[PDB]
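S.K.: Got a structure for you, questions after.
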Amino acid sequence: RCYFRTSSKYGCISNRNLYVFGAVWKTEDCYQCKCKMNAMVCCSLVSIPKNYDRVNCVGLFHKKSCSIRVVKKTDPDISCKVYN
């Protein structure tokens, strides 16, 4: 999901920081933001796995990839089938 905040004349001001128009960056909470002429747009990078066997599988969150990988509880090296 995405969030918006109107941009300034010189760029996107986000808490004491100024981002130039065209800047793209990832936040500490796994959002990707872009400073556009109209506003700053930040969208969540973490997709929530929708349909899987939550009895024998568990989602593993990886901070660097901003992802949830569904793996077997008995063997986290084996990924589980996830339906869209």
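Going through the structure tokens in order, the chains are called A, B, and so on, while each chain numbers its residues from 1 and the ligands are numbered from 1 in the order shown.
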Can you list, as a VMD selection string, every protein, DNA or RNA residue that comes within 8 Å of residue 42 (chain A) when you count only C-alpha atoms, leaving out same-chain residues fewer than 5 positions away?
M.R.: chain A and resid 2 to 4 31 to 34
S.K.: Please list as a PyMOL selection string every residue within 9 Å of residue 59 (chain A), counting only C-alpha atoms and excluding residues in the same chain fewer than 2 positions away.
M.R.: chain A and resi 49+54+57+61+68-72
S.K.: Would you save the residues of that selection, restricted to C-alpha atoms, as an mmCIF file, in the first residue's frame?
M.R.:
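Resulting contents of selection.cif:
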```
data_model
loop_
_atom_site.group_PDB
_atom_site.id
_atom_site.type_symbol
_atom_site.label_atom_id
_atom_site.label_comp_id
_atom_site.auth_asym_id
_atom_site.auth_seq_id
_atom_site.Cartn_x
_atom_site.Cartn_y
_atom_site.Cartn_z
ATOM 1 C CA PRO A 49 1.535 -14.260 1.832
ATOM 2 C CA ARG A 54 -0.065 -22.098 8.226
ATOM 3 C CA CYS A 57 4.521 -23.629 7.339
ATOM 4 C CA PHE A 61 10.831 -12.145 7.429
ATOM 5 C CA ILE A 68 8.275 -12.894 3.852
ATOM 6 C CA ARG A 69 9.342 -16.349 2.677
ATOM 7 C CA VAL A 70 7.026 -19.202 3.673
ATOM 8 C CA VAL A 71 9.015 -22.278 4.731
ATOM 9 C CA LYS A 72 8.381 -25.592 6.460
#
```
S.K.: When you count only C-alpha atoms, which of these residues is closest to residue 44 (chain A): A:18, A:58, A:12, A:30?
M.R.: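 Once distances to residue 44 (chain A) are computed over only C-alpha atoms, the minimum belongs to A:30.
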S.K.: One decimal, in Å: what's the spacing between CA of residue 26 (chain A) and CA of residue 50 (chain A)?
M.R.: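 Atom-to-atom, CA of residue 26 (chain A) to CA of residue 50 (chain A), that is 23.9 Å.
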S.K.: List the neighbours of residue 84 (chain A) out to 12 Å using only C-alpha atoms; skip same-chain residues closer than 2 positions along the sequence, and give me the result as number ranges by chain.
M.R.: A: 47-52, 81-82
S.K.: Tell me, in Å to one decimal, how far CA of residue 76 (chain A) is from CA of residue 64 (chain A).
M.R.: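 A separation of 17.9 Å between them.
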S.K.: Which neighbours of residue 19 (chain A) fall inside 12 Å, counting only C-alpha atoms, when residues of the same chain fewer than 4 positions from it are skipped, and could you give them as JSON, numbers by chain?
M.R.: {"A": [7, 8, 9, 10, 11, 12, 13, 14, 15, 23, 24, 25, 33, 34, 35, 36, 37, 39, 40, 41]}
S.K.: Which one of A:74, A:67, A:79, A:17 sits closest to residue 29 (chain A) if you count only C-alpha atoms?
M.R.: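 Of A:74, A:67, A:79, A:17, the one nearest residue 29 (chain A) is A:67, counting only C-alpha atoms.
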